[PDB]
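**Q** return atomic coordinates for the entry below.
(chains A and B, ligands or ions: 2)
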Amino acid sequence: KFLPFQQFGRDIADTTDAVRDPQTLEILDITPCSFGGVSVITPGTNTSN
Amino acid sequence: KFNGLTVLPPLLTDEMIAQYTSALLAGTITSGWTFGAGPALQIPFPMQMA
Ligand SMILES: *[C@@H]1O[C@H](CO)[C@@H](O)[C@H](O)[C@H]1NC(C)=O
Ligand SMILES: *[C@@H]1O[C@H](CO)[C@@H](O)[C@H](O)[C@H]1NC(C)=O
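**A** Numbers count the residues shown, from 1 in each chain, chains lettered A, B, ... in the order given. Ligands and ions are numbered 1, 2, ... in the order given. This is the structure:
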């Protein structure tokens, strides 16, 4: 924890380093899950499948 | 923080770019200008500067 009457953290724009306001106070991090796109490498239909 | 955005790595790494630059440097030092116009022909550097 940092100070009593102001606890909800946020580092730059949207990290929001707190759940909302835990009764136990105190904050660790924010990273539930974060994943990106996909792509497919293909040598060509007429060559293989 | 993964806000719907991502960066893709460059196709050539910094090490490979450095290797390309070093190859160009070695070619232009030990072979003058001919290595860019066919096979690399060695030539002593003072004569190249001449
Ligand atoms: C219950 O409230 C008290 C407040 O001091 C504290 O122990 C904690 O925030 C809450 N939870 C538990 C398990 O005590
Ligand atoms: C694929 O490869 C075959 C054999 O080389 C060729 O005949 C054909 O024109 C190529 N393209 C397609 C769309 O099949």
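**Q** residues near residue B:28, how many?
**A** The number of residues packed near residue B:28 is 13, by other CB atoms under 10 Å in any protein chain shown. To be clear about C-beta, it is placed using only N, CA and C from the backbone, and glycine gets the same treatment.
**Q** residues contacting the residue nearest to it when sequence neighbours are not counted?
**A** Distances taken as CB to CB, 6 or more residues apart in numbering or on different chains place residue B:35 nearest to residue B:28, at 7.3 Å, with adjacent residues excluded. Shown in contact with residue B:35 (CB atoms under 8 Å, 6 or more residues apart in numbering or on different chains): B:27, B:28, B:41.
**Q** of the residues you listed, just say which sits nearest to chain A.
**A** Nearest to chain A out of the contacts of residue B:35 is residue B:27 (CB to the nearest CB; 33.4 Å).
**Q** would you mind measuring from that closest one to residue B:14?
**A** 20 Å (CB to CB, to the nearest Å).
**Q** higher neighbour count, those two?
**A** The neighbour count for residue B:27 versus residue B:14, taken as other CB under 10 Å, is higher for residue B:27 (15 against 8).
**Q** which helix or strand lies directly C-terminal to the helix or strand where that one lies?
**A** Residue B:27 belongs to helix B:14-30 when assigned by DSSP states H and E. Using DSSP H and E, the next helix or strand after helix B:14-30 towards the C-terminus is helix B:45-49.
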